[PDB]
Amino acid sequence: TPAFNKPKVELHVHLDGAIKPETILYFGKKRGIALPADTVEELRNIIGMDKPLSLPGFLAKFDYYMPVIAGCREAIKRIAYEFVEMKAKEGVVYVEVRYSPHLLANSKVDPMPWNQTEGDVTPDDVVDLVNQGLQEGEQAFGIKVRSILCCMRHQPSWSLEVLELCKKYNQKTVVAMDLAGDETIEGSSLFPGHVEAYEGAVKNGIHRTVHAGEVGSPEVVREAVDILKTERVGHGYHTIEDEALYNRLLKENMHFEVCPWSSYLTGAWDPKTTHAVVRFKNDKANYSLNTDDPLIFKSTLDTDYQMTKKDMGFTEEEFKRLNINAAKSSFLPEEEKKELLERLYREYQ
């Protein structure tokens, strides 16, 4: 039985980290592009991981399959459509999917991702492609789906373009901007391209979220809050290491996008210590339960729910509480956010 068989809200899940192993094999074979496995089962086991590594070690899993999707219009729209079908099956009624448009493009991107040969798929085109797949999935499965464009920590020169994309496709699925990738790159939050992208988002009203405190120190979280001006913190487990900052953000009703199973495999969470989400629960903090990268973690949303339930002591009450919280902290407009809350209260009776 699912740990929580009722409607859910997900705010932290990556599109390029939520692809069907079957769809990956399809395009690898179709484009004649090398894959580390020839069957969907072998493919799952090599792309996937079931024991802790590091953030850089986990990020390396993308190198295996991205080449097969990147630069292929048909593939881009297909994974967006299929993502919606995956989530609907999980009991998710509203989802925000994040991804980097540049990492899927093969035209007007520098440096060229995955050694691709120049093509005509621009970062803009991929956003439009994802919009179409997500819209068709919304129509076909009856769940509300939005997107978040990711700035990449190591490539700040793409950040202002990501911002312009968020502006251009505002609410056309695109509801916010994120900062993702390798948090171990010292001071990456403060690169000028990133900083300028976010400041312009504040002045233009584009919503903001940032991965921080996943594997980085509380100072990375503080940088996200103070300089980048985030409205939500992706992961944020390490915040608790600085009592003052934690109690400040807690007092400020800051939303934490928690990914339980994910934190275990990236090493963000030391299994020898009590998970931060337990303290978040005990303090009644504003947080959500997320999958992050279900393809690589060989998981599903129920994975995270069982984890917190069997271990950690979560109840049905908290599950409803954190989901109403996730709905309130969504980057959805007031009219649509109101409709979502009506839905949860209706189905939580």
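Start at 1 and count along the sequence shown; that's the residue number.
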### Query
Taking the recorded C-alpha temperature factors, which stretch has the higher mean, 86-94 or 270-278?
270-278
### Task
With reference to the PDB entry, specify whether the mean Cα temperature factor is higher for 113-121 or for 253-261.
113-121
### Query
Which of these, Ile47, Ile69, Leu322, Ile33, has its C-alpha atom at the highest B-factor, as the entry lists it?
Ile33
### Message
Given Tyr99, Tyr246, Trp158, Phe191, identify the residue with the highest C-alpha B factor in the PDB entry.
### Response
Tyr246
#### Entry: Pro21 - Cα temperature factor, lowest/middle/highest third of chain
middle
## Note on the structure
Among the modelled residues of its chain, the C-alpha B-factor of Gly57 falls in the third labelled middle
## Note on the structure
Chain thirds by Cα B factor, record data; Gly213 belongs to the lowest
### Query
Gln306: which third of its chain by C-alpha temperature factor?
middle
### Task
Sort the modelled residues of this chain by their C-alpha B factor and say whether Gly142 lands in the lowest, middle or highest third.
highest
